[PDB]
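**Q** Next up is a structure, given as structure tokens.
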Amino acid sequence: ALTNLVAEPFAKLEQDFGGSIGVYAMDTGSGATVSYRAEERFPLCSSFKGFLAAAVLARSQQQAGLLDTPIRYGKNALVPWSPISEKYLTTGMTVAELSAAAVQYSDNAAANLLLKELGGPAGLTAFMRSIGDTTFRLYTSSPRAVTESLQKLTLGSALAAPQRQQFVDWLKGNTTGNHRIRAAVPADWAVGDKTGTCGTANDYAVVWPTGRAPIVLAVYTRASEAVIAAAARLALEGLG
């Protein structure tokens, strides 16, 4: 149990960038929890878009045909960061494609649309309460709560086999988070992550070591990409 001697280098890291750093990790094959400020309030930034597609995936189970439903655009929902939204403007875009755009590219326009067809911002709160997350609020959560929530959706039995593995394949394809937890792992390890761009940043991921049990973790900061990567290495090695 190296969880007592990891608090020293973590405090070294968070005192070299100014603000605070919250980190939680969990071992599926044992249960080792490397915790450090993992139960503090941390801004979610653009990381809610990972759970937004998860709520959308849960809707499509008892609402067949939901993901192939397309949406047309105008301009009352067009906002900055529109990599795939404005690229497929008048051609429309399905809900499934709308979710793959908001996760794998942090599309701020596609996230606004999926929020509407969920009941608004509180619609995402209802989904997180439905699985067990009691720390989710309007957007704050603890690095531990982000870990258990992501654990249930991608690994645990919370999303059905089609929608669960679809969620995993949606995180595996995320592009904005290579300079963070993706860089802090052996390249041969499969990784699926979601980032948060606000300065203050964060990243939660699931790591698949070659022939070993997978690991869920969350690194949250507030004042920075190499800082999250470094904090990831600390939590990964900290699991004795």
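Here, A, B, ... name the chains of the structure tokens in the order displayed, residue numbers run from 1 inside each chain, and ligands are numbered from 1 in the same displayed order.
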Quick one: residues within 12 Å of region 121-138 of chain A, only C-alpha atoms counted, chain neighbours fewer than 4 positions away excluded, as a ChimeraX atom specification?
**A** /A:38-45,48-59,111-117,142-153,156-159
**Q** Please provide the set of residues having any atom within 10 Å of residue 14 (chain A), restricted to only C-alpha atoms, with same-chain residues fewer than 3 positions apart removed, written as a ChimeraX atom specification.
**A** /A:9-11,17-22,221-223,227,231
**Q** Given the choices A:160, A:34, A:80, A:47, which gets closest to residue 201 (chain A) if the distance is worked out from only C-alpha atoms?
**A**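 Smallest distance to residue 201 (chain A) is found for A:47.
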**Q** Taking only region 91-152 of chain A into account, list the residues labelled strand (DSSP E or B) by DSSP (computed from the backbone), as a list in words.
**A** residues 93, 94, 137, 140 and 141 of chain A
**Q** Tell me which of A:187, A:216, A:103, A:67 sits closest to residue 163 (chain A), counting only C-alpha atoms.
**A**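 When distances to residue 163 (chain A) are compared using only C-alpha atoms, the smallest one comes from A:67.
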**Q** Have a look at A:208, A:119, A:189, A:181 and name the one nearest to residue 23 (chain A); count only C-alpha atoms.
**A**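 Once distances to residue 23 (chain A) are computed over only C-alpha atoms, the minimum belongs to A:181.
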**Q** Between A:35, A:140, A:60, A:108, which one has atoms that come closest to residue 232 (chain A), using only C-alpha atoms?
**A**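 Closest to residue 232 (chain A) of all the choices is A:35.
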**Q** How many Å lie between CA of residue 25 (chain A) and CA of residue 199 (chain A), rounded to one decimal?
**A** 23.1 Å
**Q** Find the residues around residue 205 (chain A) up to 8 Å (only C-alpha atoms counted), leave out those fewer than 5 positions away in its own chain, and share them as a list in words.
**A**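 Non-adjacent residues within range: residues 181, 191, 192, 193, 194, 216, 217 and 218 of chain A.
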**Q** Do a neighbour search on region 85-94 of chain A at 6 Å with only C-alpha atoms, toss out local chain neighbours closer than 3 positions, and write the hits as a ChimeraX atom specification.
**A** /A:68-72,82,97-98
**Q** To one decimal place, how far is CA of residue 95 (chain A) from CA of residue 110 (chain A) in Å?
**A**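 For CA of residue 95 (chain A) relative to CA of residue 110 (chain A), the distance reads 9.0 Å.
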**Q** Find the residue from A:30, A:36, A:228, A:220 that sits nearest to residue 8 (chain A); use only C-alpha atoms when measuring.
**A**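 The closest residue to residue 8 (chain A) is A:36.
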**Q** Near residue 190 (chain A), within 10 Å and counting only C-alpha atoms, which residues show up once chain neighbours fewer than 4 positions away are dropped, as number ranges by chain?
**A** A: 172, 182, 185-186, 206-210, 214
**Q** So, counting only C-alpha atoms, which residue among A:46, A:240, A:235, A:100 is closest to residue 197 (chain A)?
**A** A:46
**Q** Rounded to one decimal, what separation in Å do you get between CA of residue 73 (chain A) and CA of residue 106 (chain A)?
**A**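 Spanning CA of residue 73 (chain A) to CA of residue 106 (chain A) is a straight-line distance of 18.0 Å.
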**Q** Could you go through region 11-233 of chain A and tell me which residues DSSP, when run on the backbone, assigns to alpha helix (DSSP H), listing them as a ChimeraX atom specification?
**A** /A:11-14,48-59,95-104,108-116,121-131,143-150,161-172,225-233
